[PDB]
Every structure is written in structure tokens, then in C-alpha cells.
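Chains as they are written, first to last, in the deposited numbering: chain F, 1 to 110; chain B, 331 to 530; chain G, 1 to 117.
The beta-carbon is built from N, C-alpha and C at its ideal position, and this holds for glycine as well.
Report on one structure; see the data block that follows.
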Amino acid sequence: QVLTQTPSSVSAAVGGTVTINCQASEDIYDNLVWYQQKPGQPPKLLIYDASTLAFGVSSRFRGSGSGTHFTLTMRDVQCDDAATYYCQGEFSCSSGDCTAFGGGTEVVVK
Amino acid sequence: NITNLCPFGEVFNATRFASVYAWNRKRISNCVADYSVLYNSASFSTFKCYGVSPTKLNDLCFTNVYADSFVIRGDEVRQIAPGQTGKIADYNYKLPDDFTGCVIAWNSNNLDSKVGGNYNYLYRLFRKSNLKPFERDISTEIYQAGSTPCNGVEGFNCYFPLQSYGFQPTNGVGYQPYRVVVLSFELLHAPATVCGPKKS
Amino acid sequence: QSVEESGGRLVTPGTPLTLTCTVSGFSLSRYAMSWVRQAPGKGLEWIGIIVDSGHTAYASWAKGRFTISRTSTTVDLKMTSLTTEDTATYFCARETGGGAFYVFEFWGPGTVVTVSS
Ligand SMILES: *[C@@H]1O[C@H](CO)[C@@H](O[C@@H]2O[C@H](CO)[C@@H](O)[C@H](O)[C@H]2NC(C)=O)[C@H](O)[C@H]1NC(C)=O
Ligand SMILES: *[C@@H]1O[C@H](CO)[C@@H](O)[C@H](O)[C@H]1NC(C)=O
């Protein structure tokens, strides 16, 4: 029912890699998705089922994890990746509240 | 004149499916089995077999056929397979490593899900040890995790082993209820009776 | 598949307002539309969803003051008794395919609803 993203903010050079962790308060199998929101734009779907890349997205974004711990890592982050990322996953129904969004993380590239 | 065609209609689509923790086992015997209709049916989401390929199921002839049926969550269908570790596989329905036969499952959201939430399906969360393949557990003794003799008085650290599925239409595909029927074949020191309809 | 919505206005607290999200380029009765909102500079929030059949679900934090109705081409949402913390931006999201709910792959441009005196 509660989604948590750590760290809240993280920065890396252009030729570098960073990790994003999103943990779920309940077992959700592999039903978790990621989004990228540039400032002032609607979010874009990047990864669904936590390991499948969406259509039209680059292969430098990879996801993993199952159960309650998930991780997204971008390799060789360009200057076009400066945005905010969110994680969303189902959470049964009656027990809780269908779907909740994470707090999100901010990424800035020097 | 082919006769004694084996019905399968009272098993594949009945009006009441049993819970996963009390999966119903119906023996099939003295049957003239025809699996062609099952294969050619397009209503099954998953139909894939171990040991015997689906193409030639009408040729090899078996002494007995055991069919087990239950209803499980949509995503948890992956756990019904030999050598698979999970929750329902470890606590409700365990398959042998050398299992022969296969499982047939299809979505059943139009009957097993209710607007207020179908609460007639249960699945066990707790038991002492992993159960050996092809075993059924029904007793509802409270799985103790506290120090005291729980005596079954529900409270703190005397957890109820059985919890319900909240099947509702608003959830995703991975949470929709699914009706699962597994066919198990075997051979033993007996004449073979249940097999294909020949042709002429 | 293009999804757009409109209806942003400045309203005093306690006055109902209606937002209508109009579909374009697909059959509505096959995909499920959902509404999400975000406050200025804050994280995303979920409001509700309506499945293709017609059944609707909501969010607990909303406490049940919203109402999503479906028709031919107007997936509208109506609120009642707005507060001063509802100033945010709202979107209506489409789905990928049959089932597989909560993917939100098509989004509207976004509209802003502000509450003030
Ligand atoms: C229950 O299952 C049986 C199969 O065991 C169904 O019989 C076939 O159903 C398909 C699809 O409805 C038809 O195309 C076939 O013609 C049926 N077989 C025969 C011999 O006619 C049966 O229809 C199922 N029950 C319901 C209500 O659909
Ligand atoms: C077998 O089927 C044929 C088909 O016409 C029929 O004429 C014949 O009577 C049947 N035989 C028996 C024993 O039922």
C-alpha cells in the first residue's frame, strides 16, 4: 500500500551510471512500472513488468527485481536523461487501494 | 461404431470449482478419451505439456487418468510446474519433479469475480513444513508463532493459516481469477483402458 | 490514439466543477481510462479508474468525493466540495491493450484546476 523510492536525488557525470531503488510494502509479484517526466511534460512509460522495455525507448535503461525489491539503473547517462522518475505497481484490491505512486527521484547530469 | 465417448463436460466447465487448498480430484477411467477437441479449443490461455507432446496424445494409451481442478490468482499460474518454488506450490499444490501430464487454464473473470468481492475462495499462507508432491491438506489448526500454547484462541501471534482472495473486476490481468485443470497420466502393472478413439 | 481534456477554471472552495476527457482514434469500450493528479512541484497521485465494462474504483485518500462517468466519447470526472489544497494538474491516461491495467501509456496534455477566492 506504501511505495518508497530511495535516494530522493542523485547526480552523475555523462560517462557514469546511477541506481534507483523502489521498494513495495506488500508482495506484488512483478507488476511494477516506471515513468519519466520531463519538466512540464506528461510522463512517458519506460519499463512495464519491471523487466520489459517499452516500445520506442532506449536500451540504456534496464530494470530488474521481483517480489518487494526493484531496481532501475541507467548506463552511460546522457544529458537528455535529466528528468524525474516514478515507480507504480498494483496492490491487490479490497485489501488496499489498487495502485499507488512512489515519491519519485530527481536526476541531474553535470 | 465408436461408443462410450468420455464426457469431460462435467469436469472442464462445471458450475462450482473447489478452492486451491481443497482441490477436487476426479478419477477418469474406462473412458474413450479424445483430446483433439481440447487442443483445437481456442478458449484456453495456457496449454503446454511435459513428457508427452500435445500432437500425439491420441496415440499413446494409458491405464488411468487423474484430473485435479482448482482456482488460483492469474499471475500464480506460473508456479504450477515441476521444480518450481513459490507460495501455492510450497503450501497448497505441489507437483513432482518427474510429473507426467499437463495443465490447462483459462481466464474466468466473468464468473468468479463479483462487484462486492468474491470471498468464497481461500488459499493457505502458513504451515509447518513443505508438503510432498500430490498431497491435500484440509485441517484448519492455527499456525502458532508465539511462545504460549495457542489453544486456537485467535489473537496475537496465533495467525490464521487461511486467507481469502479478493477477486474483483477492477484488478489487472495478473490478479484476475483463473480456473486451472491439470491432467495427470500414469502407467502401472495393469491393462491399459483409457486411450484414443482410433479412426476409420 | 490521441487523448485530450479541458475544463480548467478558477473556482471558490465548495463549488463543483467538471472535467471532460475526450478520446480520439480508438474504441472506448475496450480500454480503461484513469485520472491522476500532481500538485505544483510535487509527486504524482492517483485518483481513480474506470474499466471497459463500466465498473469504477477510487482512492482512499479521496474519501469518495469524486465520480467518474462513462459515455460515447466523454470520460468525465466531477468533484464536490473542493478545498484550497486541490490546486493541481490533472491528466487522463489510456491503457496498452486488453487487460494489463495500470500501464498508462497514452496521456493527455494536462489541465490545471485552481481553487482560490
Ligand atoms: C463446456 O465445454 C464443452 C467442451 O468440453 C463445450 O463443448 C464445445 O464448445 C465449443 C464452444 O462453445 C463448441 O464450438 C463445440 O461445438 C462444443 N462441442 C460440441 C461437441 O458441440 C461446451 O460448449 C462448454 N459449455 C458452454 C456453455 O460453452
Ligand atoms: C454403426 O453405424 C452405422 C452407420 O450407418 C449403422 O448403420 C450401424 O447400425 C451401426 N452399428 C451398430 C452396431 O450400432
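* Short CB-CB distance (under 9 Å) between F:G103 and chain G -> Closer than 9 Å: yes.
* Asked: Cβ of B:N343 versus every heavy atom of ligand 3: is any distance shorter than 8 Å?
  -> With respect to small molecules bound, the structure shown includes ligand 1 and ligand 2 and not ligand 3.
* **Simplified DSSP assignment, three categories, for B:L335** => If DSSP states are grouped into helix, strand and coil, B:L335 belongs with the strands.
* Asked: Does the beta carbon of residue 611 of chain B sit closer than 9 Å to a beta carbon anywhere in chain G?
  -> Outside the displayed span of chain B (331 to 530) sits residue 611 of chain B, for which this structure offers no information.
* Measure the alpha-carbon distance for F:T71 versus F:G96 and round it to whole angstroms. => Spanning the two alpha carbons is a distance of roughly 23 Å.
* Going along the chain, which residues of its own chain have a beta-carbon closer than 7 Å to the beta-carbon of G:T15, five neighbours each way excluded? -> Within its own chain, the residues whose Cβ lies closer than 7 Å to the Cβ of G:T15, once the five positions on either side in sequence are excluded, are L82, listed in chain order.
* Measure the C-alpha to C-alpha separation of F:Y48 and F:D30 and round it to an integer number of angstroms. => Those two C-alpha atoms are separated by around 9 Å.
* To do: Establish whether the CB of G:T56 and some CB of chain B are separated by less than 9 Å.
  => G:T56 counts as touching chain B.
* At what residues does the beta strand (DSSP E) containing B:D420 begin and finish? -> It is not in any beta strand (DSSP E) - B:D420 instead sits in the alpha helix (DSSP H) that spans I418 to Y421.
* Asked: Can you find at least 3 beta carbon pairs, one from the segment 24-38 of chain F and one from the segment 66-85 of chain F, that sit closer than 8 Å?
  -> Yes, the segment 24-38 of chain F is in contact with the segment 66-85 of chain F.
* Evaluate B:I332 with the Cβ neighbour count: other Cβ atoms within 10 Å of its Cβ, from every protein chain shown; 16 or more gives buried, anything less gives exposed. => By the 10 Å Cβ count, B:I332 comes out exposed.
* Test: B:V445 CB closer than 9 Å to a CB of chain G -> In terms of beta-carbon proximity, B:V445 lines the interface with chain G, with at least one pair separated by less than 9 Å.
* Closer than 7 Å by beta-carbon distance: list the chain F residues that pair up with B:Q498, in chain order. => The contacting residues are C93 and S94.
* Can you tell me the Cβ-Cβ gap for G:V3 and G:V23, rounded? I've got them flagged as a contact below 8 Å. => Sure, about 6 Å apart at Cβ, within 8 Å.
* Separation of G:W107 from F:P43, as counted between CA atoms -> Computed Cα separation, rounded: 8 Å.
* Asked: Does any heavy atom of ligand 1 sit closer than 8 Å to the C-beta of B:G482?
  -> Answer for B:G482: no, Cβ out of range of ligand 1.
* **Unbroken beta strand (DSSP E) run spanning B:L368, endpoints** => It is not in any beta strand (DSSP E) - B:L368 instead sits in the alpha helix (DSSP H) that spans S366 to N370.
* Asked: Which of helix, strand or coil does DSSP assign to G:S29?
  -> Helix, per DSSP.
* Asked: Using the rule of at least 16 other Cβ atoms within 10 Å of the residue's Cβ for burial, across every protein chain shown, is G:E95 buried or exposed?
  -> With 16 or more other Cβ atoms inside 10 Å of its own Cβ, G:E95 counts as buried.
* Asked: Just the Cα atoms here: how many angstroms apart are B:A411 and B:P426?
  -> Taken atom to atom, the span from the alpha-carbon of B:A411 to that of B:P426 is near 9 Å.
* Asked: Of all the CB atoms in chain F, is at least one closer than 9 Å to the CB of G:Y31?
  -> Taking Cβ atoms only, chain F never reaches closer than 9 Å to G:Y31, which makes this a no.
* Asked: Can you find at least 3 beta carbon pairs, one from the segment 516-525 of chain B and one from the segment 388-400 of chain B, that sit closer than 8 Å?
  -> Touching, yes.
* Do you know whose CA, among G:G97, G:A100 and G:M79, lies nearest G:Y90's CA? -> The shortest C-alpha separation from G:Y90 is found at G:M79.
* Asked: Is the Cβ of B:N460 closer than 9 Å to any Cβ of chain F?
  -> So no, B:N460 is outside the interface.
* To do: Have a look at the DSSP bridge pairing and note the partners of B:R403.
  => Looking at the DSSP assignment, B:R403 forms a beta bridge with B:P507.
* Asked: Could you check where the beta strand (DSSP E) with G:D76 kicks off and where it finishes?
  -> Boundaries of the beta strand (DSSP E) around G:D76: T74 to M79.
* For G:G43, which residues in chain F fall below 8 Å Cβ to Cβ? -> Under the 8 Å cutoff, chain F gives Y86, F101, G102, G103 and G104.
* List the residues of chain F that B:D405 touches, going by C-beta distances under 9 Å, in chain order. => Under the 9 Å cutoff, chain F gives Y29, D30 and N31.
* So, F:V107 versus F:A82, is the Cβ gap smaller than 9 Å? -> When the beta-carbon positions are compared, F:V107 and F:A82 come within less than 9 Å of each other.
* Asked: What residues from the segment 44-78 of chain G come within 8 Å of chain B, judged by C-beta to C-beta, listed N to C?
  -> Listed by position along the chain: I49, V51, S53, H55, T56 and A57.
* Asked: Under three-state DSSP, which class holds F:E106?
  -> Strand.
* To do: Could you name the residues of chain F that B:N501 contacts, counting a contact when the two beta carbons are closer than 8 Å?
  => The answer, in chain order, is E90, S92, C93 and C98.
* Asked: Does the beta carbon of B:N331 fall short of 8 Å from some heavy atom of ligand 2?
  -> Within the cutoff, so yes.
* According to DSSP, is B:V382 helix, strand or coil? -> In this structure, B:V382 counts as coil in the three-state DSSP scheme.
* **Three CB pairs or more closer than 8 Å across the segment 367-375 of chain B and the segment 500-507 of chain B** => The segment 367-375 of chain B is not in contact with the segment 500-507 of chain B.
* Ignoring anything shorter than 3 residues or poking outside the segment 441-511 of chain B, list the beta strand (DSSP E) runs there in chain order. => Within the segment 441-511 of chain B, the complete beta strand (DSSP E) runs of at least 3 residues fall at 452-454 and 492-494.
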